[PDB]
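Just one chain is shown here, as C-alpha cells, and it is the form deposited without this ligand.
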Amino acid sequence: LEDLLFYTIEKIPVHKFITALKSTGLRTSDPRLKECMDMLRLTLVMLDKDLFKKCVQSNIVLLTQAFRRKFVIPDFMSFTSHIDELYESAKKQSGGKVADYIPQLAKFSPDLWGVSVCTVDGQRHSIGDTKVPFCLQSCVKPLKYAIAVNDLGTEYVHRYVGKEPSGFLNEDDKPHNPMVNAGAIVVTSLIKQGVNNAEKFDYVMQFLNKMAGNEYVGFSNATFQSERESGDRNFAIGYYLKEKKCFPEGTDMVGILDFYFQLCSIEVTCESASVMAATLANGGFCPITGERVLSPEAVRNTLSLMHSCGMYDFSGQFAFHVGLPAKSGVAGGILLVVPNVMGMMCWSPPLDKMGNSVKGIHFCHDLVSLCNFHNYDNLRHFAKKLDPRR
C-alpha cells in the first residue's frame, strides 16, 4: 500500500512528495491529509520506506487514489491550465454594473474577478480574487433549501413551496419555488421552527460550515442592516405570504424576514463557496472533510431547482446552453455545480440585465464549450469537447 506508493515516487525528498501531492490537486491543508501532514511536521528532509509509510500510512487510501490517477480529473494540472485560460477570457469582459442599491454592494471594485474550483475528490484550484469575502445573497437560497429538505424531507417542504419556475404565487397558492424571493422567504420559515432567530442562524451557520469543510464563512452586519432598511419589496412579499397563509402555523413573520435578511448577508469567499458547491456535486458529502452534510434527496432537489430556477430570467437560456445547476446573487457570485465532477464559485460584482455576473456567466458558457459538463453532453461521444475526466 504505502510501500507500493513509496516506490511510485531509495530516498524521497519531502519537497518532491509535496509537489507530487499538490499536482493531484489536493491541498496540504486538506482535513483528510492532516495525520500525514502532521506526521511530516513531526519528522521535520528525506524519507525512506519505513519512515515514509510512517507519515503516509494513516492517509494511505486517499494518497494512493491521488497518485494513481483515480480522481475525477486524472490530470488536474492540465485542467487548471484551461481554467486559467477561461478565467482570463472572462476577465476581458468589463461590462455590466455593480449593484449599488446598498452601500456594501457598491463598495466593491468592479474589477474583482475570481474562480474557485473544488472537485468531488477535494482537488482545488483558484485564480483571480478568491480569498475576498462577499455576501451569498441569493446564492444562499439553494443552500437553505437543502437544509430545509434535509431536515423536513421533500414532502413537508413542498407543502409550502412549489417545484417549478413561475414564467407572486402559483395555482396552489404557494410560492413557485425556493429560488424566488417569495419561495426563499417561505423556506426560511421552515428551518428550525420554534426557536429564536439567534439559534436558527447558528444552526444554519453550523450547517454551512459543514458544507464548506470549515472553510471561510462569515456574516456582514453592514449588508444585513442595509438589506433590512431597504427591504420594502421583501416586506411586501412577507405580508402577502402572511395574508395568503403560506407560512407554517405560529410563524412570526417579521422575524422570518429578519432571519431571511441575515442569511442573505452570510459571507463566503470563492474558495469556501466552491466547496459548498462541491458538497452538492458530491451527493451530500463534503469532498474535503468526507462527512455527509446533506441527504441525497436534499441535494437532488436543490440541483433540480438550481437548474430550472437558478439564473433568474436567464435560467432557461442558461439551462439550454450551460446545462448546469447554478445559483446567482446580487453580490456577483455564481454557485455552479457540475454533478459527479466538481463545484465552483465565480465572483465578479458587475451584473448584466438579468442580474447575473457578466464574467461569471461568460465563464460558465466558456467552461461548457470547452469540456462536456453539459447535462446532456454524452460521455462517449462528445465530439471536439475536452473531457477532464479522462
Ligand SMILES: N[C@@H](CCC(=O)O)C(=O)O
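Sequential numbering from 1, following the sequence displayed.
- In the other compared entries of this protein that model both flanking residues, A331 has coordinates in every one, well short of a third left out.
- Among other compared entries that model residues flanking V45, a third or more give it no coordinates.
- Per the record, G167 and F168 are separated by a gap of 4 to 9 residues from the deposited sequence that were not modelled.
- A chain break between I9 and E10 is present, corresponding to 4 to 9 residues of the deposited sequence without coordinates.
- Annotation for 94-102 versus 112-120: the higher mean temperature factor (C-alpha) is found in 94-102.
- Two stretches are in play, 221-229 and 234-242, and the higher mean C-alpha B-factor belongs to 221-229.
- Of the candidates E297, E155, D151, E85, the PDB record gives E155 the highest C-alpha temperature factor.
- Within the listed group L336, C36, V322, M354, the record reports its top CA B-factor for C36.
- For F261, the recorded CA B-factor ranks within the lowest third of the chain. Only modelled residues enter the ranking.
- Among all modelled residues in its chain, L367 ranks in the lowest third by Cα B-factor.
- The PDB entry assigns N340 a C-alpha temperature factor belonging to the lowest third of its chain's modelled residues.
- The deposited CA B-factor of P142 belongs to the lowest third of values across its chain.
- Per-chain ranking of the deposited C-alpha B factor places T19 in the highest third.
Missing here is the form solved in complex with this ligand; even so, the following discussion is about that form.
- When this ligand is superposed onto this form from its pose in the deposited bound form, none of its atoms lies within 2.4 Å of a backbone or C-beta atom, and the site is open.
- Proximity to this ligand in the deposited bound form, defined as a heavy atom within 4.5 Å, holds among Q137, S189, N150, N301 only for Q137.
- For the candidate set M306, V275, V268, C264, a heavy atom within 4.5 Å of this ligand in the deposited bound form is found for exactly one residue, namely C264.
- Listed stretches are 256-264, 275-283, 158-166, 189-197; the contact stretch with this ligand in the deposited bound form is 256-264, by a heavy atom cutoff of 4.5 Å.
- Using a 4.5 angstroms limit between non-hydrogen atoms, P350 is distant from this ligand in the deposited bound form.
- For the chain shown alone, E227 is a contact residue for this ligand in the deposited bound form, at least one non-hydrogen atom being within 4.5 angstroms.
- Although the partner is absent here, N234 sits close enough that one of its heavy atoms falls within 4.5 Å of this ligand in the deposited bound form.
- The shortest heavy atom separation between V330 and this ligand in the deposited bound form is within 4.5 Å.
- Residue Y312 is the sole member of 288-316 found to place a heavy atom within 4.5 Å of this ligand in the deposited bound form.
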